[PDB]
Structure formats: structure tokens, C-alpha cells
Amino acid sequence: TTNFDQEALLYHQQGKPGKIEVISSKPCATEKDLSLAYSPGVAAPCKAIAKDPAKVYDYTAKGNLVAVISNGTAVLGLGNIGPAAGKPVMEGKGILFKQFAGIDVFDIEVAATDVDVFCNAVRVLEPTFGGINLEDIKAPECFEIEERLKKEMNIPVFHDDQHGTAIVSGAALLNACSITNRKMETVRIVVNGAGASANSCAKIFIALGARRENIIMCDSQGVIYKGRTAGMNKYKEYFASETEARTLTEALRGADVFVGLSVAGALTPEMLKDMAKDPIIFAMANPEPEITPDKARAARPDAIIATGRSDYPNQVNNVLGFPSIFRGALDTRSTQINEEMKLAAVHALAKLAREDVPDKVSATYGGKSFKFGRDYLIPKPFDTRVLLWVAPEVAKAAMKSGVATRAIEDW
């Protein structure tokens, strides 16, 4: 819909260009005000921070400030459009941080595609920020970039395209498994796609109890089988499967779970018929899914379906993750977002969906009723319980794992 596009263009240019403004949180009108905000008063917190570096969190915005950082090499589904073109998306990501977790964001678009240039530039920004959310950086560069920055920086570094997606889909999968009386240890999973998100999703499924041998990964050229060499790399190699299947169709034979992280249309009804009873179908290709819940329900009335879209039930929406994840990490002044923290967020999201849904949430969604089951197995994005459930569990995981530098006693 190109007129919907025009609504978006107008939105971005109307009044003042763009979507963000930086304002003072303190009085700044009078000469007295400015004698505190600036010279000579501002020397006091500077001296305090020089003597005790931790006090940077007491006297600046650092403790609530995340950088959303991209080089614009994988923007949304638009591909490598460059950092300037990606800036609206990074401003938008920042707005989600603010609206869902109260976190201030500097969106930082970096003109560097070289891994060393990019990492060298970002590493030295640490004094500015309480955390770094890497965004829309293409695979496989994003794997090296994230791992290097996590090692080199002493503040949390988290690439949402990789792990946010894994966290929310993992939560959904745990619940889908519960609803269908499945054990993770025996569930057979097919992942369609082998990019930034598929890699992390596969890894978290294993972390949640799935076996590598029960997971088959497919790409643009079919099943990633052990021995294969076409279009292969270090990361695809890890998930190369001993299977005899070569097509997506073959891989789905008797499979329990389809995880779609590829492109629209990739999954048809015929492929659906041979899946196991109560098939679990996550069709997350944007903006159009691998399949529709209706086409899926038509082929398989017993199917459980999640997608990336808010107009269908069970949206695997990344906004369920990163805001609370950084809230918990920031509030404990943590030096990392580690695996313990990611898993804590999985389990918090999963558990929340199992609770009775307050009238407030139904009223937010037009009076729709929600109860845990096949049409509701992950929290709604506009449910205010999400921050309350996920952020403290992340904070507790940071303290338990020893990456917190500030204890939080209670909420």
C-alpha cells in the first residue's frame, strides 16, 4: 500500500523532521540554573567521577542510556541500504526502548562495513553508554562483530536481530510444547532460514532442552546437510544435519515444529500435511509470512500458529524482549547481557502468557478475550505486565551470575 507509505513519510517530516528530540531533565532557564548545569557547578560531578568512576551512573544519563547502533547493512527486510537510509529505523527502535521500558536511546548510524573499523569505532564509545543494542547488521559479519564487542566492552552488548528473536520464539515454543504435551528433549524442529535470527533461535532451542540431532536447518538452497559444501560457512556448518532429507518438504516429514525465518510463501499446505499431530508453525517472515494461519488451519485444523504480524494471534514480536532485557541490565549496572539473562527472559515471557489476562489487556485489544492456549501462548506487546515480569528476572539473573555491579533488593 503506497498510500500507507505516504502516511509514514508525512509522519516523519511533519512539524520537525524525524522522530526524536533531546530535552533537559533539569531546570535550565536561569543563569543560576545554568551555573549548575554548566560551569562552574558542573565541575563538582566531574571531579567526583574522576575520583570514583562508578559515579558516572549517579550524575549522568549513562544508567538509562542505550546506543542503538547500525551500519545499515541489513535494514528491516530492505537489505544493505547504508547507514543514512537506516537512520529512521534506528530512531524508531529508540522510540520502542523509550515507550516500552523508559530507556533513552542515542541512535548511532556508522559508515563502516569493515568489521575492524566498526568494532574499533564502537568500542571506544563505551564511556557514553549504559548499554549497546546492535541492530540491522548483516550476517555473517554480525556474528563476529557482536562476539568481539562483547569481549572488548564492559557494558552490555546485544544484537537484537539475533537474540531478541530467539528469546521470544523460545518462550512461544516452550508454551506450544506445554500445550501439546511435548518435551523439548524429543521435539523435532525444522528451521527455514539460516541467517542472523535462525542461528540464534536454533541455539536457544538447544539451550532450552532440544537436541541438535532433532533440529534440521534449511536455506535458500535447501536442507543444510552434513557434508554439503554449496553456500556453506562456519555458522551453517554447526547445524549441518545427518538427515537424508534434502528438501524442506522432506525435512517436514513427521516434524513437530516449523520455524520460518526466511521469506514469504516459502511454506505451502502440501508441506504441512505430513507434519506430526498438533504441528507447531512459527511463520515469521515479514512483512508476509511463510504461510497464513488460515491456509495453515485449512490444511491442518490441529496446527498451532505464530507469525511476525500483529494482525494475527501469537505475534513473535521482538519488542517483548529487548526493552525489559536492557531495563534489567541497566538497573543492575551490569557489565554484560549473558546467556543466563537471556534464558531468564525466555522463562519470564513464557510464564506470563500462562496467567489469567487482566481486563485491562482485553480492553487495550478491543475487548478481545485471551486465555492461554493455541490462540494465546505469548504475551501481547501492549500488556504492561511484560516489563514487570521480565526486567526483574533479568536483573536477578545478572546478580546471580555475578555480572551485576549494583544490587537491587526488590522492585
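One-based numbering along the sequence shown.
- Here 263-271 and 231-239 are compared by their mean Cα B-factor, and 263-271 comes out higher.
- Look at the mean CA B-factor for 73-81 and for 175-183 in the entry; the higher one is 175-183.
- Each of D331, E146, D160, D294 has a CA temperature factor in the record; the biggest one is found at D294.
- Looking at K203, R246, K93, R327, the one whose CA carries the top B-factor in the deposited record is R246.
- Split the chain's modelled residues into thirds by C-alpha temperature factor. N133 is in the lowest one.
- The PDB entry assigns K151 a C-alpha temperature factor belonging to the middle third of its chain's modelled residues.
- Among all modelled residues in its chain, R309 ranks in the middle third by Cα B-factor.
- In the PDB entry, a CA B factor belonging to the middle third of its chain's modelled residues is recorded for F282.
- When the CA B factors of the chain's modelled residues are split into thirds, the value for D219 lands in the highest one.
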